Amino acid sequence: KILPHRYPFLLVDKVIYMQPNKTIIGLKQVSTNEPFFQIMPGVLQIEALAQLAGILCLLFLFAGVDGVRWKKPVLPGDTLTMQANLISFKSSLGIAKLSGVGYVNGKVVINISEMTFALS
C-alpha cells in the first residue's frame, strides 16, 4: 500500500509497529541500489522520518522541522530503525507535530525534536 510523499521514493521498507495517534516504528535497509545513489544524506533521513510520521497520521504537508542533529553517517549496509511520536494534533489550526529518532544497531544516528505538518 502506498499513499502521499512529494518526494518520489518512499523511505520506509517496513512498518514493524504502529499505535494509532501515539507512536510508529519502521525501518529502512540502505541498499547499494538506492535511487538517491556512499552515504545517505541526513536530509533524506529527515525525509524518511517525515514519511513515517505521515504514515501514522493517515491531506498533509510538511510545514517545518526543528531540532535536528545528525549524530552519525548512515551507510549502505545499515538498517535505519525509526520511531515517530505524535506530540499534538489540532482539528482546528489543522496542525500536527511529531518527533522522530532514527537508529543503527540500537544507536541514535539522527534526532528530530519536532516535525510540523499541515492539512490539505
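What we label the rigid core is the largest C-alpha set whose atoms superpose within 1.5 Å from one form to the other. Numbering starts at 1 and follows the sequence shown.
After superposition on the rigid core, the larger root-mean-square Cα deviation in 6 other deposited structures of this protein belongs to 6 to 14, not to the other of 6 to 14 and 99 to 107. Of the two segments 82 to 90 and 59 to 67, the one whose CA positions lie farther from the displayed form in 6 other deposited structures of this protein, once all are superposed on the rigid core, is 59 to 67. The entry shows a gap from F37 to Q38, with 4 to 9 unmodelled residues of the deposited sequence in between. The modelled chain breaks after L58 and resumes at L59, leaving 4 to 9 residues of the deposited sequence without coordinates. When the two stretches 45 to 53 and 85 to 93 are set side by side, the higher mean Cα temperature factor goes to 85 to 93.
Higher mean CA B-factor, judged across 22 to 30 and 71 to 79 from the recorded values: 71 to 79.
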